[PDB]
Ligand SMILES: CC(C)[C@@H]1NC(=O)[C@H](Cc2c[nH]cn2)NC1=O
Ligand SMILES: CC(C)[C@@H]1NC(=O)[C@H](Cc2c[nH]cn2)NC1=O
Ligand SMILES: CC(C)[C@@H]1NC(=O)[C@H](Cc2c[nH]cn2)NC1=O
Ligand SMILES: CC(C)[C@@H]1NC(=O)[C@H](Cc2c[nH]cn2)NC1=O
Ligand SMILES: CC(C)=CCSP(=O)(O)OP(=O)(O)O
Ligand SMILES: CC(C)=CCSP(=O)(O)OP(=O)(O)O
Ligand SMILES: CC(C)=CCSP(=O)(O)OP(=O)(O)O
Ligand SMILES: CC(C)=CCSP(=O)(O)OP(=O)(O)O
């Protein structure tokens with residue numbers, strides 16, 4: 012019995028060779044992950060056809076040997092920023108993946124700001140599931156945080172120095188229902204650089220305007236307070252922050268404020284995890300015990316090439332609920348330049364301690380089948396990229412983010 | 012939840028508009044049938060993608076208003092000759108469909124004999140399922156019964172008078188396993204017209220040569236005897252005969268000899284059903300009781316336009332087993348020019364008498380969902396085309412053949 | 012020797028059947044026009060491939076029998092708003108065509124404002140000719156006059172009453188050089204309806220801001236004066252006005268202000284042609300003599316169905332030069348609901364009087380070859396749509412606009 | 012002004028990525044050659060679209076790094092066997108190219124004999140030019156010399172030892188008229204290996220049968236006599252012989268018998284060039300003086316890697332005219348494993364001696380623009396493959412055959 016991705020690659024007609032190459036790289040990874048976590052074959056077919064129809068045509072050029080064709084500059088290797096599996100209690104596992112929608116002529120004089128690809132992906136996905144994409148939050152936040160083509164082209168001298176001219180990132184939560192929840196991330200770096208306004212101010216002003224004109228509670232007081240301090244700016248790269256929302260009914264959606272911090276201790280990490288004691292409770296302590304566990308387990312081990320850990324790179328989101336005044340943190344450990352073996356051992360020890368044996372086996376199956384380089388090459392550095400840790404009232408919430416184009420780098 | 016054909020038509024990229032139009036006509040029919048008989052969604056996706064990849068590109072031009080584009084002449088309306096559901100005991104139901112593979116330029120000076128389309132379909136299907144298409148029987152019977160392009164073009168003056176220059180028909184048994192069994196039919200009319208040899212002789216000589224060079228028992232004595240008589244030729248249109256084989260291991264395949272007969276009584280029908288008393292047993296009597304039942308039930312009712320039944324059009328196959336000397340008949344009643352309502356009532360009465368209530372509901376569901384014209388238009392004549400009746404040792408074996416392009420004629 | 016459109020339709024691979032159908036309708040028309048006016052075969056191939064690559068994929072659904080698939084409402088029949096041939100002295104003839112870029116899912120919940128198609132066309136055309144599309148004027152005028160998707164979706168209640176939610180129209184001057192000059196038209200009806208500001212004010216404020224931030228002279232004083240009067244509004248449908256610019260270096264581009272007027276006399280027509288005596292000179296008088304000639308020649312003749320001419324429908328542009336303070340008028344007579352025979356006779360008499368015999372034969376050749384319905388059907392009403400008249404210092408400037416999808420309406 | 016291949020690659024939609032890659036390799040070469048020899052842009056577009064539509068889809072997989080995807084074995088690198096420019100007197104230059112039509116699944120269990128691709132190419136080309144492909148000669152010679160799929164699959168044990176299971180090669184003479192003359196080559200190695208008959212016998216029996224059933228004179232007496240001798244077989248690899256015909260009206264076509272010979276002297280070369288003194292006259296002597304000139308000029312120079320010339324590899328055709336009893340030779344020197352610089356110097360010296368300065372500059376332009384590796388790499392071995400020499404009554408006839416996929420090997 013062939014697998015959905017094999018059979019589909021056999022039958023599917025592709026509009027461009029780059030789509031076929033992206034397919035050959037990614038469809039096995041995504042399918043193996045969905046299968047290992049237990050998605051039904053109906054659902055695998057539907058999600059792989061979403062990937063074929065809506066995502067891959069908006070993924071951009073497929074890298075050649077010298078990457079002479081990647082005209083859209085990025086610190087991230089071409090392709091999805093990540094494919095992720097989130098593990099919770101009750102053997103709950105969801106597949107997700109993030110893409111910075113890149114057009115095929117982005118970075119060229121015709122699309123110097125990559126303005127259409129996210130919109131094309133939105134449109135195609137909405138056609139594939141009418142009623143699955145609500146553009147209310149997108150329509151409010153796009154003018155404020157995002158920069159259109161015209162504005163970016165008039166104000167080019169202001170932003171040409173920026174290496175990654177990203178303005179919209181799109182993630183798909185590929186649900187076990189064959190439903191794909193779209194999530195939009197806006198890095199407002201271009202907005203700030205053109206308006207010479209601060210990230211904090213534009214983001215939270217957009218949030219407050221949405222509050223006003225929607226009647227929904229998105230409490231950002233604590234986040235703004237913490238993020239405007241100077242002790243935070245000492246470690247924070249606030250220019251690396253972004254705003255995320257689920258593209259749904261604003262009453263069922265969220266707002267999330269992301270920022271990057273290069274820290275050295277778990278005190279500086281608790282600083283971001285609790286916004287300076289402003290957030291407290293049992294969930295905070297449980298989540299930070301998980302954080303310290305994975306910190307000691309991953310960042311204690313040595314790096315490749317005997318390189319020293321100058322500091323530890325973390326990202327952080329604070330999630331604001333449209334129903335309540337409840338800021339909840341999610342801490343991302345960056346592990347892209349660590350040993351995939353040590354990362355996997357840390358994940359396995361964590362799951363084992365939490366009683367998640369099924370998740371251990373799912374993670375190992377995904378590693379073995381979809382990321383063979385982890386065992387073939389003992390000095391593997393390309394598969395795993397991020398570990399997200401959170402503690403909801405449901406329990407722990409651990410997302411493992413991997414590079415599904417590691418094949419390309421090995 | 013969308014259906015596989017809806018979602019696929021949304022996502023699938025088609026190489027030609029005619030493929031898209033054929034899809035819009037046929038995918039709902041085929042999917043509704045597969046669903047009603049209980050095929051899993053995995054299997055529906057796989058079979059609809061076979062239809063999209065291998066079949067529809069070899070179905071030919073999609074008819075316009077005036078059919079100015081159907082350059083390949085045929086008595087059958089463009090598209091599949093039939094989509095069929097076979098019903099047996101134990102609530103067993105299989106979906107099948109028959110296509111005369113027509114190229115897009117067949118009947119034009121470039122492909123005046125339609126030589127490649129069957130081969131293209133064979134190749135594509137074999138790629139989609141390596142090991143599912145055995146070409147042994149095809150390779151033996153193609154030179155004998157079929158005519159290649161070169162031979163047909165040198166000997167054109169001999170066959171240009173033929174209206175339907177068909178040489179290969181291909182049917183797919185779309186199994187509940189998502190496996191597609193390919194069956195090949197060869198009408199040797201062109202072979203006979205060029206060699207001015209008799210159909211009987213070329214067909215049974217090919218059968219005997221396969222016997223010799225394979226060591227398999229295909230007893231054609233009784234069939235040859237019956238079909239060479241003159242009383243048979245009085246009713247038989249032997250020039251309408253053809254040879255069918257399943258494209259599998261010859262030891263697991265069959266050979267089937269088909270012929271057309273326009274008869275007037277059930278005595279002349281028993282003549283073909285038993286080869287003149289040569290075939291006998293309980294299966295023969297049971298099957299012919301079913302035949303008489305459906306005869307009285309369908310051909311007694313009046314025709315549209317008050318037209319009189321000059322005679323009754325039947326086809327007949329005799330199936331020879333590669334294991335035994337066991338000729339088994341299958342009798343086809345032609346109902347294309349009858350009332351679909353009376354045909355459906357006959358089918359329902361038959362199933363009810365046999366104790367097949369699930370099959371009654373499956374047939375009615377397929378009629379309602381995939382052939383709405385049967386209820387919308389009380390004078391419906393386009394959906395149902397054939398009723399095949401047989402009695403295997405397993406029990407009755409009744410196949411309902413419908414025109415899945417009835418949409419086009421209504 | 013086949014023609015470029017025949018051979019290309021034979022070889023070209025189309026992404027969608029609608030593109031193939033649009034091709035079958037339009038490529039003969041466009042090719043016949045380009046050929047009749049004398050474009051080299053190299054140029055015909057290049058322009059037809061532009062049409063195949065950039066235009067037709069952004070033309071929208073191809074109308075079926077009942078037009079059940081045209082979800083984007085418009086008073087204009089689906090397809091190009093016009094294909095035009097402009098005739099000047101010296102046997103100068105240029106081919107042009109106008110398209111309202113419509114996406115394939117425009118008017119549906121996924122693209123309710125048709126936001127991407129014009130941008131996709133711009134991008135594709137810029138890729139096909141890097142340096143041929145300057146977005147400076149587009150980037151300045153798009154935020155002001157045009158409405159993005161987000162704004163249109165937040166402010167939907169304000170504009171849902173509008174039947175034609177058009178915001179960007181794109182014309183291509185297909186030059187004899189195989190260069191395609193892109194021209195962008197913005198109808199600011201949505202901008203005005205959302206901001207409840209007047210068309211005059213938003214348009215001329217955008218023009219003045221471009222003046223300021225570009226240092227180019229675009230004198231709109233006379234146009235604003237005339238268009239804000241009340242006597243003008245008595246006849247003018249100012250809500251039908253739009254702003255056009257050539258997508259080039261603003262110093263080599265133009266600005267043009269278009270408005271519709273349903274008038275009854277040539278006094279009311281001179282009112283628009285001279286902005287109320289504000290524009291004067293020999294060019295004005297010559298051009299208006301041509302206007303009166305064609306008025307008497309076309310609108311004197313009777314209509315089909317014996318319907319009476321309630322009034323005469325004209326459009327008008329005033330062209331402002333980036334170099335000088337020189338407003339120049341161009342008057343459009345609407346002839347869509349006249350007899351194509353009388354329109355053609357008027358055109359021929361005009362050309363003959365002007366000494367344009369080559370143009371007479373070019374026009375008759377285009378009528379005969381690309382619009383046969385004009386002779387086949389004596390009561391032809393679908394081919395010709397507009398006659399534009401102007402008198403530049405070079406001489407007369409007469410553009411004949413035709414519906415290149417008349418095939419679809421006959 | 013872009014070139015036809017650049018613009019077309021920009022606009023053309025490709026059915027498969029391999030077609031796009033083959034295009035990127037070959038369209039510049041073919042276009043540069045056609046342009047350098049003076050084909051009009053109309054003609055370049057038409058021929059490149061033939062290449063895009065009919066040829067490249069039947070060229071087969073595009074080789075990856077390790078050629079893991081070339082499942083169809085061949086001594087020749089994947090792609091065209093050659094692109095050629097023929098030079099004659101009067102500054103006459105014609106572009107040609109040869110392809111062994113390979114399907115995309117040839118060499119796999121579904122197409123183990125590559126049976127359809129030549130037929131698909133024939134059909135597509137005939138559609139692109141109805142009346143340009145006459146299948147009379149093809150229809151007569153295909154059953155005799157070529158092996159169909161069924162025969163090759165029944166008789167597999169007889170031919171599986173053959174490395175190159177080629178049966179049909181197709182060349183296109185891309186005329187300055189934008190007309191493409193198709194030429195078919197049949198290597199009957201499979202026919203002989205299955206029938207265990209000699210190449211000579213099957214080929215000349217097919218020729219004699221065509222004579223009989225056509226009334227055309229194809230004198231093969233001298234060729235048969237020479238090729239059946241034993242002294243010839245001492246040097247001749249008769250199993251490497253093939254039969255060529257132009258796919259036209261047999262009265263305007265030719266028959267050509269090709270064979271390979273690895274010789275050591277020009278006496279052994281004259282043996283093939285004159286069939287052992289059987290062919291004589293001034294043309295023979297002139298052509299062989301040209302042959303000796305190029306022999307001394309090319310095979311005297313040393314090889315790369317200091318490897319010794321064991322012997323010199325030549326091919327030879329004898330052309331029989333459907334009008335006369337006139338066998339004419341054409342001698343092919345193999346130069347694939349020589350220095351491209353010495354080959355080019357020999358060609359240039361030859362042309363110069365013949366007074367062909369325009370041809371010298373055309374050849375140098377093609378080398379510089381389409382084969383830059385010849386100057387970039389002084390040790391170039393991949394561009395030039397063959398030099399054909401003949402002396403018709405018109406004068407010399409020198410064809411330079413190059414590998415248009417040298418890019419892939421450098
Ligand atoms: C790409 C963009 C500039 C911005 N920056 C980031 O670092 C993260 C990337 C990421 C994916 N999964 C975990 N982290 N997301 C973003 O949207
Ligand atoms: C089409 C061909 C000439 C030949 N003739 C026929 O009548 C039947 C058609 C058929 C399909 N299902 C039931 N009957 N089959 C054949 O192969
Ligand atoms: C379509 C749009 C609303 C707007 N309105 C019009 O009437 C004209 C149409 C037109 C095409 N060629 C001559 N006249 N142009 C426009 O841009
Ligand atoms: C490929 C086939 C087996 C056979 N063998 C050959 O050697 C030549 C190849 C060739 C191309 N141009 C000059 N020589 N042609 C053929 O048809
Ligand atoms: C996805 C990129 C753009 C940032 C990392 S965050 P993630 O959101 O994918 O995880 P969650 O939705 O918060 O569950
Ligand atoms: C299918 C056409 C060509 C003839 C009617 S016969 P059928 O074979 O489809 O039915 P069976 O295989 O005999 O079961
Ligand atoms: C083209 C539509 C949108 C309006 C009619 S005006 P036209 O501009 O095509 O003619 P000109 O450029 O003014 O020459
Ligand atoms: C072309 C391959 C198959 C063999 C070399 S011969 P060529 O025929 O291309 O040259 P001519 O037609 O003889 O002019």
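Chains as they are written, first to last, in our numbering: chain Z, 12 to 421; chain W, 12 to 421; chain B, 12 to 421; chain Y, 12 to 421.
Cβ coordinates follow ideal geometry from the N, Cα and C atoms, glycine included.
For the C-beta of residue 153 of chain Y, the chain W residues within less than 7 Å are, from N- to C-terminus, 161. Taking 8 Å as the cut-off, the Cβ atoms of residue 382 of chain Y and residue 363 of chain Y do not count as close. Look at the beta carbons and you see the region 159–177 of chain Z touching the region 196–203 of chain Z: at least three pairs across the two are nearer than 8 Å. Per the DSSP secondary-structure output, residue 191 of chain B pairs in a beta bridge with B:185.
Taken through DSSP and simplified to helix, strand or coil, residue 171 of chain W comes out as coil. Its Cα nearest to that of residue 61 of chain Y, the residue Y:139 stands out among Y:139, Y:318, Y:94. For residue 238 of chain Y, the closest alpha carbon among the candidates Y:212, Y:226, Y:220 is that of Y:212. By the neighbour-count criterion, in which a residue is buried when 16 or more other Cβ atoms sit within 10 angstroms of its Cβ, residue 409 of chain Y is buried. For the region 164–191 of chain W, the residues whose beta carbon sits under 9 Å from a beta carbon of chain Z are, in order, 188, 189. Taking a Cβ-Cβ threshold of 9 Å, none of the residues of chain Y is close to residue 230 of chain W; the smallest such distance is about 24 Å. Just measuring C-alpha positions, the residue of W:143, W:183, W:56 sitting nearest residue 112 of chain W is W:183.
In terms of beta-carbon proximity, residue 99 of chain Z stays away from the interface with chain W, with every pair separated by 8 Å or more. Residue 71 of chain Y is a Cβ neighbour of residue 114 of chain Y, given a cutoff of 8 Å. DSSP, read as helix, strand or coil, puts residue 341 of chain Z in strand.
Inter-residue distance for residue 55 of chain Y and residue 207 of chain B is about 56 Å (C-alpha atoms, whole angstroms).
Those residues of the region 121–135 of chain Y placed with their C-beta closer than 9 Å to a C-beta in chain W are 121, 122, 126, 127, 130, 131, 133, 134, 135, ordered along the chain. The C-beta separation of residue 395 of chain Y from residue 360 of chain Y comes to about 15 Å, leaving the pair out of contact by the 8 Å criterion. Distance between residue 93 of chain Z and residue 356 of chain Z, taken at the CA atoms: about 20 Å. For residue 138 of chain B, a Cβ of chain Y is located within less than 8 Å of the residue's own Cβ. Only those residues of the region 19–31 of chain Z whose C-beta falls short of 9 Å from the nearest C-beta of chain B are listed: 26. For residue 52 of chain B, at least one C-beta of chain Y is nearer than 8 Å to its own C-beta. Rounded to the nearest angstrom, the gap between the Cα atoms of residue 223 of chain W and residue 249 of chain Y is 36 Å.
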